[PDB]
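Each chain, letter by letter, is given below.
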Amino acid sequence: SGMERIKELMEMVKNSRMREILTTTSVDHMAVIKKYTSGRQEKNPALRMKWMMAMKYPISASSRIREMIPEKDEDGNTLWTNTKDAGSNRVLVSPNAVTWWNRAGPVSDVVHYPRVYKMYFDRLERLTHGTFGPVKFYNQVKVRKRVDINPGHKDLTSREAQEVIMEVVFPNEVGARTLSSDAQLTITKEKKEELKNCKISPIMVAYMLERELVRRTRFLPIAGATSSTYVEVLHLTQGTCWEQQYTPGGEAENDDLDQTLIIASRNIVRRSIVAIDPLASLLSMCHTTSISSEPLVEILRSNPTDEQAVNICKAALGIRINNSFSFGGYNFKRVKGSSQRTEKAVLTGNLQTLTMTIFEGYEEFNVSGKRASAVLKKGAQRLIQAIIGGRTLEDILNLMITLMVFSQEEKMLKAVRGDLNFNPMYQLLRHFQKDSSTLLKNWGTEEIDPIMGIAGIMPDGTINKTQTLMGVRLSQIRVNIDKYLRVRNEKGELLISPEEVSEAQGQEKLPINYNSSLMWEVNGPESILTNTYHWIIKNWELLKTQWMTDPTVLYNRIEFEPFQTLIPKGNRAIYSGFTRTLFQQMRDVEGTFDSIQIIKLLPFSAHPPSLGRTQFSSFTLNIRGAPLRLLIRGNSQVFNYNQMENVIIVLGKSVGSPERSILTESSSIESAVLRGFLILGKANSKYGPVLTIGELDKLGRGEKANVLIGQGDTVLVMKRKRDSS
Amino acid sequence: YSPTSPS
Amino acid sequence: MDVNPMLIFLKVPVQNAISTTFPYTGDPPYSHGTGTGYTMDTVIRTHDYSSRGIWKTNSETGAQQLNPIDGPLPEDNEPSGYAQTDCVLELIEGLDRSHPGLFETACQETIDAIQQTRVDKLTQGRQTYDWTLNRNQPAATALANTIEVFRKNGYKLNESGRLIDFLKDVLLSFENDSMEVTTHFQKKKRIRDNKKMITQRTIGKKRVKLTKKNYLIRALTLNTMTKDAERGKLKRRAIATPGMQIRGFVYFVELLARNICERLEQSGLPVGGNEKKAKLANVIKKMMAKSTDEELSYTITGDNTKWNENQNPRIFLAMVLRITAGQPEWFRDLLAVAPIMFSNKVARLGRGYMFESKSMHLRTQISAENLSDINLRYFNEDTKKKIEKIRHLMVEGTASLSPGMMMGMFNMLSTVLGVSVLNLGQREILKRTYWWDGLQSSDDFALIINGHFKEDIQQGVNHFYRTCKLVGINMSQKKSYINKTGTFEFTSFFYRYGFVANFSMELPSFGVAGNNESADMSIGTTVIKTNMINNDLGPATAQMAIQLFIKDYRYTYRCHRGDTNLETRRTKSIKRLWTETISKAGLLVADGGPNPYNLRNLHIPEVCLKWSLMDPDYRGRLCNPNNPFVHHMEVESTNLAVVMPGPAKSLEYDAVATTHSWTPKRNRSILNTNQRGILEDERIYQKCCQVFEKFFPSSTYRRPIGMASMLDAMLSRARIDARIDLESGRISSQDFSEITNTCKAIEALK
Amino acid sequence: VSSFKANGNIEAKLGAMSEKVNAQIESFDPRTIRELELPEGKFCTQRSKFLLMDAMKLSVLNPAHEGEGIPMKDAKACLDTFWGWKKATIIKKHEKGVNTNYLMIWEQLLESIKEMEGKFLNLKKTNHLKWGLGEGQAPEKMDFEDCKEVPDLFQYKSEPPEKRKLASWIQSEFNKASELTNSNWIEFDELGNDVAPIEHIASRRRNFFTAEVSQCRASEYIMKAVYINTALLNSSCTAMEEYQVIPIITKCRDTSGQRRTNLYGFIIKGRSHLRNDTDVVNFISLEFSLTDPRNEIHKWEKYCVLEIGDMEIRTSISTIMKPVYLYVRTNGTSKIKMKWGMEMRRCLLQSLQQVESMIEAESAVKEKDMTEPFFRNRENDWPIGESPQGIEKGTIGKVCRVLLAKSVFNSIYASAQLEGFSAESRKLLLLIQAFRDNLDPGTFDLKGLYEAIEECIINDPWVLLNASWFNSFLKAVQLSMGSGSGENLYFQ
RNA sequence: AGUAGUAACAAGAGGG
RNA sequence: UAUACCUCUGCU
Ligand SMILES: [Zn+2]
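Residue labels reflect position in each chain's written sequence, counted from 1, rather than necessarily the entry's numbering. Residues lacking coordinates are not shown. As a convention, the first chain written is A and the first ligand written is 1, with the rest following in written order. Here we see only some chains of a larger assembly; the values are for those chains and no others. Only hydrogens and water are removed before side-chain values are computed, so all heavy atoms of the structure are retained for them. Residues with missing side-chain atoms are left out of burial classes, side-chain pairs and their counts.

What the entry reports as its method is X-ray crystallography, with 2.70 Å given for the resolution.

> Can you walk me through the sheet that holds strand β18 (residues 454-457) of chain A in this structure?
Across a sheet, paired strands are connected by hydrogen bonds in the backbone, their directions being either parallel or antiparallel. Residue and element names in this part refer to chain A. Strands were regarded as paired on the criterion that DSSP finds at least two bridges between them. In DSSP terms, a helix is any run of H or I states spanning at least four residues, a strand is any run of E spanning at least two, and both are numbered starting from the N terminus. With respect to topology, 8 strands assemble into an open sheet ordered β10-β11-β14-β15-β16-β21-β18-β19, the strand pairing being mixed. Since the sheet does not close on itself, it has two edges, and those belong to β10 (324-327) and β19 (463-464), each with one partner. Relative to strand β14 (residues 363-368), strand β11 (residues 330-337) is paired through 6 bridges, and the arrangement is antiparallel. The residue bridging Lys333 from the neighbouring strand is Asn366, located in β14.

> Which parts of the structure should I look at to understand the protein's contact with RNA strand E?
Any residue with a heavy atom lying within 4 Å of a molecule or strand is counted as near it. Contacts to RNA strand E come from 51 residues, most closely from C:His32, C:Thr199, C:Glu356, D:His94 and D:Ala138. The protein-proximal atoms of RNA strand E, defined as those within 4 Å of the protein, are 65% sugar or phosphate. The contact in question runs from a sugar or linking oxygen of RNA strand E to an N or O atom on the side chain of D:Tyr102, over 3.3 Å. Contacts to RNA strand E include D:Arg329, whose side-chain N or O atom sits 2.9 Å from a sugar or linking oxygen. Elements with a minimum of two residues in the surface near RNA strand E: α1 (36-49), β6 (179-193), β7 (196-210) and β12 (353-357) of chain C together with α4 (127-132), β10 (280-289) and β12 (320-334) of chain D. No other element matches the 5 residues that β12(D) contributes to the surface near RNA strand E. When residues are sorted by character, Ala, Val, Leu, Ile, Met, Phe, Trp, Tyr, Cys and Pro go into the nonpolar class, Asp, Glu, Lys and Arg into the charged class, and all the rest, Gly among them, into the polar class. Considered class by class, the residues forming the surface near RNA strand E number 14 nonpolar, 19 polar and 18 charged. Two N or O atoms count as a polar contact when they lie within 3.5 Å, although within protein this holds only if one can serve as hydrogen donor and the other as acceptor, and sequence-adjacent residues are included solely when both atoms are side-chain atoms.

> Mind showing me how you'd approach the protein's contact with RNA strand F here?
Looking at RNA strand F, there are 17 residues lining it, with A:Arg48, A:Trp51, C:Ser669, C:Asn672 and D:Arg275 nearest. C:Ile670 has a polar backbone atom sitting 3.3 Å from a sugar or linking oxygen of RNA strand F. Class assignment for the residues of the surface near RNA strand F results in 5 nonpolar, 6 polar and 6 charged.

> For this particular structure, what's the right way to read the side chain of C:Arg231?
The topology assignment puts C:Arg231 in the loop between β8 (221-226) and β9 (238-241). The class of C:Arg231 is buried, set by a relative accessible area of 17%. One polar contact links C:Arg231 to D:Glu419, side chain to side chain, over a distance of 3.1 Å. Here, two residues are considered to be in contact whenever any of their heavy atoms come within 4.5 Å of each other. Once residues within four sequence positions are removed from consideration, C:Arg231 is found in contact with C:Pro23, C:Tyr24, C:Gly26, C:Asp27, C:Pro28, C:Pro508, D:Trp340 and D:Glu419. Burial classes: relative accessible area under 20% of the type maximum marks a residue as buried, over 50% as exposed, and values in between as partly exposed (1.4 Å probe, protein chains only).

> How should the packing of helix α7 (residues 197-214) of chain D against helix α10 (residues 346-366) of chain D be read in this particular structure?
The relative placement of two packed helices comes down to the angle between their axes together with the axis-to-axis distance. Residues and elements named next belong to chain D. What counts as an axis is a line fitted to C-alpha atoms, over the stretch in contact for a helix, and the angles between N-to-C directions run from 0 to 180 degrees. In contact at an axis separation of 12 Å, α7 and α10 are set at 135° when each is read in the N-to-C sense. Judged by the angle between their axes, α7 and α10 are oblique. When you trace α7 past α10, the crossing you get is right-handed. Judged by residue contacts, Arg205, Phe209 and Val213 of α7 engage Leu348, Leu352, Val355, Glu356, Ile359 and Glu360 from α10. Reported orientations rely on four angle classes, namely roughly parallel under 35 degrees, roughly antiparallel over 145, roughly perpendicular from 65 to 115, and oblique for the rest. Note on convention: near helix rotated counterclockwise from far helix by under a right angle means a left-handed crossing. Clockwise means right-handed.

> Explanation requested: the pattern of salt bridges in the structure shown.
It is possible for side chains of opposite charge to pair when their charged atoms get near one another. Salt bridge criterion: a side-chain nitrogen from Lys or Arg within 4 Å of a carboxyl oxygen from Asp or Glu. Applying the stated criterion across every chain yields a total of 106 salt bridges over all chains. The partner of A:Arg629 in a salt bridge is C:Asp293, and the shortest N-O contact between them spans 2.7 Å. Here C:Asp293 lies in the loop between α8 (273-290) and β10 (296-303) and A:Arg629 lies in strand β27 (residues 626-631), a pairing that spans two chains. Look at A:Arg629 and you get partly exposed, because its relative accessible area is 26%. Taking the relative accessible area as the measure of exposure, C:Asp293 reaches 10% and is therefore buried. The shortest N-O distance in the salt bridge between D:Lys86 and D:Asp310 comes to 2.8 Å. With a gap of 224 residues between them, D:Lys86 in strand β3 (residues 85-92) and D:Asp310 in strand β11 (residues 304-313) connect regions that are remote in the sequence. We classify D:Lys86 as partly exposed; its relative accessible area is 32%. Its relative accessible area of 24% is what places D:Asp310 among the partly exposed residues. Within the structure, one salt-bridge network assembled from shared partners comprises C:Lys551, C:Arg554, C:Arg561, C:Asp563, D:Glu66, D:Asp189 and D:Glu190.

> Sorry if this is basic, but what is going on with the domain arrangement of chain D here?
Accessible area lost during the coming together of the parts is what is often quoted as the interface size. Residue and element names in this part refer to chain D. Where each domain starts and ends comes from a domain assignment, either automatic or drawn from a database. The domain architecture assigned to chain D consists of domain 1 (24-43 + 160-215 + 343-492) and domain 2 (44-137 + 216-342). Domain 1 and domain 2 are separated by 32 Å when their C-alpha centres are compared. Domain 1 puts 44 residues into the contact, and the matching count from domain 2 is 38 residues. As used here, buried area is the combined drop in accessible area, with a 1.4 Å probe, of two parts when they are placed together. Carbon and sulfur atoms make up 58% of the area that domain 1 and domain 2 hide from each other, which totals about 3400 Å². The largest per-residue losses of area from domain 1 upon contact with domain 2 belong to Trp169, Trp185 and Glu343, which jointly make up 25% of the total buried on that side. Summed over the shared surface of domain 1 and domain 2, the result is 5 salt bridges. Taken together, the connections running from domain 1 to domain 2 amount to 21 residue pairs in polar contact. Every element with two or more residues in the side of domain 1 that touches domain 2 is listed here: α6 (169-177), β7 (183-184), α7, α10, α12 (396-412) and α15 (461-481). With 7 residues, the top contributor of residues to the side of domain 1 that touches domain 2 is α12. When the residues that make up the side of domain 1 that touches domain 2 are grouped by side-chain class, the tally is 20 nonpolar, 11 polar and 13 charged.

> Honestly, the interface of chain C and chain D in this entry has me stumped. Any pointers?
Each partner contributes to the interface: chain C provides 140 residues, whereas chain D provides 141 residues. Considering only the side of chain C, the residues that lose the most area to chain D are C:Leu10, C:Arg363 and C:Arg466, jointly responsible for 6% of the buried surface there. Put simply, chain C and chain D have 15 salt bridges between them. In this structure, the salt-bridge partner of C:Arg432 is D:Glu11, at a minimum N-O distance of 2.8 Å. Remark: the boundary between chain C and chain D carries 90 residue pairs in polar contact. For the side of chain C that touches chain D, the leading source of residues is helix α16 (residues 539-556) of chain C, giving 14 residues. Residues belonging to the side of chain C that touches chain D are distributed by class as follows: 65 nonpolar, 40 polar and 35 charged. As paired elements, β12(C) and strand β6 (residues 154-155) of chain D share 2 bridges and run antiparallel to each other. Pairing of C:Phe355 across the sheet is with D:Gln155, part of β6(D).

> What exactly am I supposed to notice about the packing of aromatic side chains here?
The description of an aromatic ring pair rests on the distance of the ring centres and on the angle between the ring planes. In summary, the pairing rule links any two rings of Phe, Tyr or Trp, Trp by its six-membered ring, whose centres are within 6.5 Å, and it sorts them by plane angle into stacked for under 30 degrees, edge-to-face for over 60 and tilted for everything else. For the structure shown, the criterion picks out 78 aromatic pairs over all chains. Geometrically, the ring pair formed by C:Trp330 and C:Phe331 is edge-to-face, given 6.1 Å between the ring centres and 75° between the ring planes. Judged by centre distance (5.5 Å) and plane angle (65°), the rings of D:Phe409 and D:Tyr413 are edge-to-face. Residues D:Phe409 and D:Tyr413 agree in their burial class; the two are buried. Within the aromatic cluster, the residues linked to one another by ring pairs are A:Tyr533, A:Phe563, A:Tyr575, A:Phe578, A:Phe604, A:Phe616, A:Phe619 and A:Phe639. Sitting over the face of the ring of C:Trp611, C:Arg619 holds its NZ or CZ atom 5.1 Å from the ring centroid. Two thresholds decide whether a charge sits over a ring: the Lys NZ or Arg CZ must be within 6 Å of the ring centre and within 35 degrees of the ring normal.

> What should I look at first to understand the environment of C:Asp27 in this one?
If you trace the backbone, C:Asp27 turns up in the loop between β1 (2-3) and α1. Exposure remark for C:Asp27: the relative accessible area of 11% places this residue in the buried category. Sequence-wise, C:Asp27 and C:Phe185 are 158 residues apart; in three dimensions their C-alpha atoms are separated by 39 Å. Within the local environment of C:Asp27, its side chain forms a polar contact with the side chain of D:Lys337, the two groups lying 3.0 Å apart.

> Help me understand the interface of chain C and chain A in this model?
At the interface, 163 residues of chain C touch 138 residues of chain A. In terms of residue count, helix α20 (residues 677-695) of chain C provides more of the side of chain C that touches chain A than any other element does, 17 residues in total. For the side of chain C that touches chain A, the per-class residue count stands at 76 nonpolar, 39 polar and 48 charged. Of the pairings in the sheet, the one linking strand β1 (residues 59-61) of chain A to strand β23 (residues 663-664) of chain C comprises 2 bridges and is antiparallel in character. Bridge pairing in β23(C) places A:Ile59 opposite C:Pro664.

Below, the structure written as structure tokens:
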């Protein structure tokens, strides 16, 4: 009706105190007087509540409570009083009033409340339909990272979300702006439909929608899956020393599945290369591995992701590579190279930025359709060459335009005039498909040799034998994979190399379980370091006698293969040479023996060594993108023998205690540090000035010198006479 | 489990 | 055997067993009585560190103002405040070079803010000093009080609604030399009663004009009080509260400094705990990558002594002007206001002191204003000396305090000064045998120094240390220390080749928050949850933390389980509910029901967790939207509590609005004072705002904008709502005339 | 400012500034450094709100749960188990107090309990009780004008606290706090059922923790504090004008399973118009004991000890006759102190997450749940004490109870001294740790740090004992290392 | 007396 | 001046 509201207003406007305020203070100023209070924010609410709960009437409530519940309950407890709460018309009330309501108050209808509180009830839905696996115990590596904390956020900005909320709950009071996107329209109609006729405060509906719609993030330490539904249950899935395997209810998003598939395939390919039979190792891991508790092989059979490592996994399983797609009406099939994808935004000739998914790398397509074919050679925003043919000049030219847009050249972008308004690749296409006059003048022309069968095409539309639009010429797949994972065509030419796979290490969105003997328990490179150095300490006495007696069997242990993926390919050989040479010096120079140095450098053995005689103050290891450096002399971030604990600390994680023998184990001479040299002790100026490691080749055999060996230390060094095996 | 001490 | 817990450190590293050194299960220190002793201590010490500077009497206030900047260079390691303007500007220029376009976009974002910001925005935040009453008051009342007195005199630019116009009114108000303020005072009336005549306390108001000094002194006044509950310190210290005049300017300056700090790797502010750790992890990563295998690394676990007392308002004016270089001069001058008011700031000296006579057995209070003229026979030797030194600075009750700062005045711009010294340490600027990087948040810093030999580190430290002295920063030699990089401490985070847990820091957050039954259950379970994630709270202890919280919650709210033999004021009514209820599992803990929580479901709100298992009638009562217990607040302040770890932030929680979402009774001490009328103002303002929301429902979600009147806006809506409800709807023809007659009747009453 | 450009400004001034302004790195070796100096004075008195190791209980077998029944009814049930009450006599005087008031309060209380007929007991405001609870002892508030010219009107005594010496008793108290008892002091409320495997693992580990912690003597003290402070706070609020009696009760279950109600004594609450969070409530505690106060009279400075009875105590094969004392004293607390006393169960959390992290740290390395091995085997052990034989090691269970005692004692003896001492000495410990990690630590002003620490060691038994503990730890670290350029960083 | 600790509480204000 | 009462307040 709106009859009781205007009646109450006149009744208030009768009061001169109220009419004073209602006229003088503006709509802007009403925000100030609404929050005008004598009440301080409480500094010790914990204390005050313990103090106040001892009192008879600590709760304040609306005075209408006196008409709704009785003054006394059945047992004689006073439920409400008439004492007004300071600064309001509310009255002081007992906790027994809350209990009375809950057991004998008015019942209302609340069956649609789960729709209003959807953000909460979806958490219970996920947990109720969640599945638990086993608990594994291991050093749990946690990367502090910004992640989503609002699973099922329909992704919108705060301003966009405000318009949606206003439309739904306060439909009459919306401002000038309207529902701009179809995201906003579908969400508004759905919310209006779901929340229709639900007796609840509109303030609460507006609140829950605000929390539901707008994306929110936090920096959190995360081991494993980073997806929102996994982030939600970090307390349950990870501790300091344990992983509780768990799959939330509901289906994983394809975005997350594609991201994790790529990571899994790369890790599989990286592991396989360092094994003796890479193709068999890859095949073994593919059959054992699962992503989000789904086997990797059935994912590969139905997932259309195009990526070098994934394609190698598909090749090994004999399943077709997503080698092709269709654009502008024509089917593009890639015959050479690969698509590295970089999402950026570029300025046109109109001075208008656009979010493109620009492609890098040398690529080569066979293109066909609409009575016209072409061989395209393309670089990063570069049409290298297009040899186009077709039944009509109209048709050849149509394909030329499509190719000139598909190139993504700066020529064609800067030749755009006016605004693009009809995905943004098709927005450039439909523009140039209805006017290409500036495109062709701005494209530019080149001279060519007159070859028989080939002709050029000018901007005007004529055919010219020795001139043509830049890069354009006019004229009229079974796959195999070998032992070493090289993917070739029927002609025997390289399509995909394992070596040319992307080195990028991102963290999985969904959980990956390889279930392989070739892999360690946990996913990731920090785990590889810890499990490797843990294994060496655990089986030390076995490996120590295997070091003395039969060293080539020790170096070729397959437990060192995961560690080898962390070493750069080029360095593996020389590091093994340097390592093996340094170990045999400890064997040759009798008396000296450093077990910590053996344990530190032992995993760098596992590769056929090179005979090159270069020097190293550190071996490099690729860990989550950044190179880290394991120092040859003493402790570093990667390897840290801490004598106080008698523990080897690998990237901040205790890896085990070595034998207490090793605490009391030293010698003047240090044998396993420099190739063909021995460290004797402290620096002595008697033996010349200080040198670097690169300057050591000048010393004669037997001659001694001072060296800046590492970490600010300066050291005396002799060149030993005989070399080692 | 019943805890014990040398005492 | 004598038991000694410290001997655990023989086996267990100190970082790994650091929880044993944090005694945070006992009551922290509280100040009893006045903080005037501490406020004078601070004011005296502030001037001692700047004592070689240049004294000058102020033209407008007559306050004796010490200026130490560009003063004599220090000749000892004692706390100095002789910051050199040119050295500051070099560091701020260095910061500009190293981050091209930062100052530009920082200013550009702060420009957009100033345009868009409304006067509303100062209703938010902590208590401000009110010049109207010479006391602390809530932000919004101090705002409304200043607007009222400004409106009563010749100042109404803020009637627009935008904040910059309110800021104009503040600068224009200094020109008035007869500023009028209504005070209040008690009056003892006598009235008959039925047939005896009893005395009656009542309150009436009286107008008072103020001098040009009086008003100006009060607008430059910052309140003082002792900081309570502060851990890790034998002695108490003084803290300060800004006034209403300076606050809106401070907002925009801190906003600039925030936008700067947001894009500086070396700033700890304003990011949270985990991101501070990530930032520290990055500089260690970056320092190790850019060094050679020949080089060394040492880390200073760092503390700056006397941080606020030696940071000068004049230096802050240099920074602000250099950061804003090439921007519009109105924007430079606007942001320059706050540092200027800080340079001419005066401090209220507090409650005063209490005297006692043993032989007579009496006590008496004297104000801090009386410290100027009072006889010194009363005081002890130390207090007497402090009063004699403070008398030289004293100006109409307050004490002048030009140099330095005080705690709780100003935030992030001091970190920018520190970060600029960290930025000086790049290889490409220093070009020495040493170089540095690190992180800073206020007085605390972690500095990493790399060099070729240990002698280079020493030279690096001295260069850092002495450069810091040149901008009024004093590294503590007592509390800072150095070691090889690998372990350090930073704001009670402990790094040992990686950050380790400091769970005992969080121990005071394990308990019953005291908001209400709904919020506390959500808060409590979430404290357990967030500590499992962030501070290595293991699963067994976390289960036990649930158990103990439920015990504490049940006892505190007297809501023991419905089948208990206990006896409280609530046991009988809870028993009635228990026996009446079919599905007991669905009863909330506050209604005598069982605890549902374990590790797996801490993130699920209680009502949500028990919803399937509730009796229909109980659930329908519990979540009844017509219940008289809830305070229907704004959306922006829905499901917010307040917490103290930082200053004093808000904690959002997840809960369904129920009869348990109640609010405890307000404090009633105001009823005995002269400010008693403020309660009635509030009651009247609330009924006015309540009725407006019946015409503008969306005002509870989005603050409505309008220079028009509150009554006139309601009247416009009253007519047109009646129109569409009849024209095409379910309202009769007779009722449209009935509504518009009332609107015309209201329009007649004005 | 707009036209400023850098031109060697800092470099110039760095040349200009005195070379006395520096930060010289002094290398830190813990073999070099001295023990912390503890203050001299009179000995530190007991200052807890209730008796610790010296407490004595009257009890009844009682099926009631961990806080069930009416307190005074339960209290009388406990009194009726004991006969052989004597005419009360003062055996140790409270030197600064009128001791016959303390005696009269006991006799009044006992008689008022006998004559009570209700749920609660409020005592009559007699002279002896008024003195004991500080009735009328606030000076009367006047305006300054009216009292300006009084000769002895000064400001309140605002000196630093009087120094006190470390006494033996506090080390003894801590030893008893770390012990196992035959009773389960803490009953834990229910959890939701375990579903996740990790919840089952948790519960298995929680079984170990629960017994170890519930049976520890420190947990008995937790339960006394939670009861007393809850009772005082609630009565402070509701009965502001009454001198209300609060019996000191705890409930527990044996190892044998029998539920039991214990009575330690009584507390008489003064007036309690508590406004500020520091405002004081005066109370009188009257607590049973078999401890002869004359054997350690410095411990009891604040108490007036009575001899109130004789008890026939049963042993192996001989009934022994011991006198029963009543330790009476006036004491005080505040709303804030009571709040934190009500919350003392969080001490359980402090101990247990340190212990669980130790269990979890090895579990990570060993790749298996090391819960069961740690509690049941004795291969894993940590240094936690000193006998004449040497440094004694304890098992994880012992470590748990020592850490629980530490946390409980931090709560019972909270002070600004402890706050300051704990914060400043942590720096010195970290320097010692840095040295032991072979990280070449350096101090700038080591004398200043020692002063920051030593400034906080004034008069508190707990802070005094912690200072001593640091020195004992320092000395133990020095010995395991010894002289040399390559000292044994590893312990044993 | 006792709490306490760099200054307070040990009721304050009013019916004057 | 004392002794009874009565009223408000317990973070303001
Ligand atoms: Zn209970």
